[PDB]
Amino acid sequence: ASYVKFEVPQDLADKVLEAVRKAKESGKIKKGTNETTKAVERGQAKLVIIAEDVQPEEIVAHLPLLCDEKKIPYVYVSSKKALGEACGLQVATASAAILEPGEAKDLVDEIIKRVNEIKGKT
Amino acid sequence: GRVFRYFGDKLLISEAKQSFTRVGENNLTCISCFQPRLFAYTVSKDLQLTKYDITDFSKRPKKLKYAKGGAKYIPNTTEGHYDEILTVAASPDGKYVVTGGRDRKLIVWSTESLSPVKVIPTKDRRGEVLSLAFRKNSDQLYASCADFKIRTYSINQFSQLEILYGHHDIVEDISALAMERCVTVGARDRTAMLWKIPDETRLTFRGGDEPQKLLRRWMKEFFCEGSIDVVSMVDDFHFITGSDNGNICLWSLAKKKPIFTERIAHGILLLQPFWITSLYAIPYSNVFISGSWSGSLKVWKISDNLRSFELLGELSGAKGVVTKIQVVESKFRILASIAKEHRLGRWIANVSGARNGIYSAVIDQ
RNA sequence: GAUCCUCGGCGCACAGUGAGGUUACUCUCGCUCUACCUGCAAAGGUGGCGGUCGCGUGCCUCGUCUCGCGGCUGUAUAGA
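In order, the protein sequences belong to chains V and Y.
For the first sequence, the entry's author numbering begins at 7 and goes up steadily by one.
Note that the second sequence covers residues 130 to 165, 184 to 222, 230 to 375, 396 to 443, 469 to 529, 536 to 570 in the entry's author numbering.
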């Protein structure tokens, strides 16, 4: 897919889905592309999670561009059904956002730092 | 308890007799065949369980009886299904067929009247039943579930015996033979696990090999694996797995890595590989069959030294998403449940020749 | 330049969240009849053919199968 900027290994993808679940429980998340958008536009989001199997690709294509302007890190997962079902929904979701990590702070900080390494940085 | 059936080279696959039987149901998720008069049982997302007579290899599967569940059955110990049935297994004694799915219930029905004789809940709000496998020549049932647990049962006690722990994702598929043991696959944990029930121990086999690393060690002279989805046991010492990168792997209990790998076994179609959505090794033989949604059932032969397998042939009348494969004998008859959707709801773009029903192939010698 | 207020008359598409909720068809292939009649068709009945039991019944083989009769009856392997 073309709106996917970099490569996420499955270990990281699983650590992301975990991070989201703990954030439902102990913090505050936003679920769905529109709500994720508003979370970036408002600067509330600490981490943005985008699914790789969105079916018209362009639905989430604006997020990489938007997150870079607001300097909010974003990450990919492979299944939208899996992200939504993480999110506490019984339906799929195309993108989500973590606003407050709560009991996942340590878990998120490792993610936002692994995606830095496999992006360039130091 | 090892491989002794060598009929791989004898099989008249190119001249196989092929048929398809439509069903009025949506999305068969599993098929289970009984072998001593031979029977098949099918389950669907539409909540229908159906029984077929398949003993006459000359004619297509003959529908005998059906039972449909529904909203009426919302509680979970009611004697009916109310959410997607994901799996079905016929008891080796001919007396029972047991179903399970998203409504977190095992329901055991009599084969006689197709009526529920016992309902056994998993008692967990996440314990969806994903796969069933009877120990061969036994009433001992193994159910792999979505809460990362494998539950065991004694079917003529209609009771739960115990719970097995180890997986770190849903246990998608489970396979068993005559020994009191089973193989499971954990999907995104990218492990296969061999459970020795009486020894209270378990072996762990790991996939998920980085392609850059694989290429790096290949230069000593491909496709990312994100999920190991299917599994089948060939004997008491070997098994096969199938992944969502098209890999079919042969494993020995003695080795940590796969002893052999056929990559993108069902081809591709920038590049996307066909997942392995079905895998059935006929017990103690050197042949196994694989299925995807690529339009054909691939039949493979294992080496006599068990260090490799090779393509015997293709059954090309098998369009659609193969959700389950079974093999019965009298002459081999391959039965396969074909749906428009993946069993579990994984999303599949353009399935060519998408359809609902039962594929049959009769192969001689 | 209008204010704004009222009324009146005339419209009621915009503000956040998030996964709840809701088998049938089509097309091909073939697929128990048949004589007759009661019969305008249609419809009905008889016959065919079969099968059935009781029984008789033909074998340098008198096993089994042959044959027929009385009762009755209509049912092939069945689907692709």
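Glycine included, each C-beta is placed from N, C-alpha and C at the ideal position.
* Asked: Do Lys192 of chain Y and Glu238 of chain Y have their C-beta atoms within less than 7 Å of each other?
  -> Here residue 192 of chain Y refers to the residue found at position 45 when the second sequence is read from its first residue. Here residue 238 of chain Y refers to the residue found at position 84 when the second sequence is read from its first residue. A contact, by the Cβ cut-off of 7 Å.
* Quick one, which of Y:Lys430, Y:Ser529, Y:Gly281, Y:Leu496 has its alpha-carbon nearest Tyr564 of chain Y's? -> To locate residue 564 of chain Y, count along the second sequence from 1; it is residue 359. It is Y:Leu496.
* To do: Can you give me the start and stop residues for the beta strand (DSSP E) that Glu513 of chain Y sits inside?
  => In the second sequence, the residue the question calls residue 513 of chain Y occupies position 314. Residues 508 to 514.
* Determine the extent of the beta strand (DSSP E) in which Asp327 of chain Y is found, giving its start and end residues. => Sequence index remark: in the second sequence, residue 327 of chain Y carries index 173 (1-based). Residues 327 to 329.
* Asked: Are the C-beta of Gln16 of chain V and some C-beta of chain Y separated by less than 7 Å?
  -> One-based indexing of the first sequence puts residue 16 of chain V at position 10. Yes, its Cβ sits closer than 7 Å to a Cβ of chain Y.
* To do: List the residues that DSSP assigns as beta-bridge partners of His412 of chain Y.
  => To locate residue 412 of chain Y, count along the second sequence from 1; it is residue 238. Its beta-bridge partners are Y:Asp409, Y:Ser426.
* **Under 9 Å (Cβ pairs) to chain Y, residues found in the segment 47 to 77 of chain V** => Along the segment 47 to 77 of chain V, the positions whose C-beta sits under 9 Å from a C-beta of chain Y are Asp59, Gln61, read in chain order.
* Residue range of the unbroken alpha helix (DSSP H) whose run includes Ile501 of chain Y -> As a position in the second sequence, residue 501 of chain Y is number 302, starting the count at 1. No alpha helix (DSSP H) contains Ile501 of chain Y, which is instead part of the beta strand (DSSP E) from 496 to 501.
* For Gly90 of chain V, which three-state DSSP category applies? -> In the first sequence, counting from the first residue as 1, residue 90 of chain V sits at position 84. Three-state result, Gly90 of chain V: helix.
* Establish whether the CB of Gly400 of chain Y and some CB of chain V are separated by less than 7 Å. => By 1-based counting over the second sequence, the position of residue 400 of chain Y is 226. It does; some Cβ of chain V falls within 7 Å.
* For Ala330 of chain Y, which residues from the same chain have a beta carbon less than 8 Å from its beta carbon, with the 5 sequence-adjacent residues on both sides left out? -> In the second sequence, the residue the question calls residue 330 of chain Y occupies position 176. Cβ within range, chain order: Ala287, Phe288, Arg289, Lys290, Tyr296, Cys336, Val337, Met407.
* Do you know whose CA, among V:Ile55, V:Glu41, V:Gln50, lies nearest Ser85 of chain V's CA? -> As a working mapping, residue 85 of chain V is identified with position 79 in the first sequence. The option with the nearest alpha carbon to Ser85 of chain V is V:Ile55.
* **For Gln16 of chain V, three-class secondary structure by DSSP** => As a first step, residue 16 of chain V is located in the first sequence; it is residue number 10 there, counting from the start. In the structure shown, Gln16 of chain V sits in a helix (DSSP, three-state: H, G or I).
* Asked: How many Å lie between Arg548 of chain Y and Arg120 of chain V at the Cα?
  -> Along the second sequence, one-based indexing puts residue 548 of chain Y at 343. Along the first sequence, one-based indexing puts residue 120 of chain V at 114. In a straight line, the C-alpha of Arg548 of chain Y is about 34 Å away from that of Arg120 of chain V.
* To do: For the segment 84 to 109 of chain V, enumerate the residues whose C-beta is nearer than 7 Å to any C-beta of chain Y, in chain order.
  => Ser84, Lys87
* To do: Below 8 Å on the Cβ atoms is my guess for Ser477 of chain Y versus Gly490 of chain Y; work out the distance and round it to an integer in Å.
  => For the purposes of this step, residue 477 of chain Y is taken as residue 278 along the second sequence, with counting starting at 1. For the purposes of this step, residue 490 of chain Y is taken as residue 291 along the second sequence, with counting starting at 1. Confirmed, Cβ separation roughly 3 Å.
* **Whole-angstrom distance between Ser143 of chain Y and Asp301 of chain Y, CA atom to CA atom** => Translated into the one-based positions of the second sequence, residue 301 of chain Y becomes position 147. Translated into the one-based positions of the second sequence, residue 143 of chain Y becomes position 14. Straight-line Cα distance between these residues: approximately 43 Å.
* Residue range of the unbroken beta strand (DSSP E) whose run includes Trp263 of chain Y -> Counting from 1 along the second sequence, the entry for residue 263 of chain Y is found at position 109. It spans 259 to 264 - the beta strand (DSSP E) in which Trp263 of chain Y sits, taken as one unbroken run.
* Which two residues bound the contiguous alpha helix (DSSP H) that contains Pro365 of chain Y? -> Taking the first residue of the second sequence as position 1, residue 365 of chain Y is located at position 211. First-last of the alpha helix (DSSP H) with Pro365 of chain Y: 365 to 372.
* Give the interface partners of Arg342 of chain Y over in chain V, defined as CB-CB distance under 7 Å, in chain order. => Position 188 of the second sequence, counting from 1, holds the residue named residue 342 of chain Y. Those within 7 Å of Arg342 of chain Y in chain V are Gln16, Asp20.
* In chain V, which residues lie with their C-beta within 9 Å of the C-beta of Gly420 of chain Y? -> Reading the second sequence from its first residue, position 246 is the one you call residue 420 of chain Y. The contacting residues do not exist; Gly420 of chain Y stays about 16 Å from chain V at best.
* To do: Compare the C-alpha of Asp200 of chain Y against each of Y:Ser417, Y:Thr150, Y:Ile543 and name the closest.
  => Numbered from its first residue, the second sequence carries residue 200 of chain Y at position 53. Checking every option, the nearest Cα to that of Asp200 of chain Y belongs to Y:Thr150.
* Distance, Cα to Cα, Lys219 of chain Y vs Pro208 of chain Y? -> Counting from 1 along the second sequence, the entry for residue 219 of chain Y is found at position 72. Counting from 1 along the second sequence, the entry for residue 208 of chain Y is found at position 61. Going from the Cα of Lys219 of chain Y to the Cα of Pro208 of chain Y covers about 30 Å.
* **7 Å CB neighbourhood of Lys518 of chain Y in its chain, flanking five on each side removed** => Here the question's residue 518 of chain Y lines up with position 319 in the second sequence. The answer, listed in chain order, is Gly494, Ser557, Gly558, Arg560.
* **When V:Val46, V:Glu47, V:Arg27 are compared against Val114 of chain V, the one with the closest alpha-carbon** => Within the first sequence, the letter at position 108 stands for residue 114 of chain V. With distances taken between Cα atoms, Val114 of chain V lies closest to V:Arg27.
* Taking the Cβ atom as the reference point for each residue, do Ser417 of chain Y and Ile402 of chain Y lie within a distance shorter than 7 Å? -> As a position in the second sequence, residue 417 of chain Y is number 243, starting the count at 1. As a position in the second sequence, residue 402 of chain Y is number 228, starting the count at 1. The answer is yes: Cβ separation under 7 Å.
* Give me whichever residues DSSP pairs with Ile55 of chain V in a beta bridge. => For the purposes of this step, residue 55 of chain V is identified with residue 49 of the first sequence, where counting begins at 1. Paired residues: V:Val81, V:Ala102.
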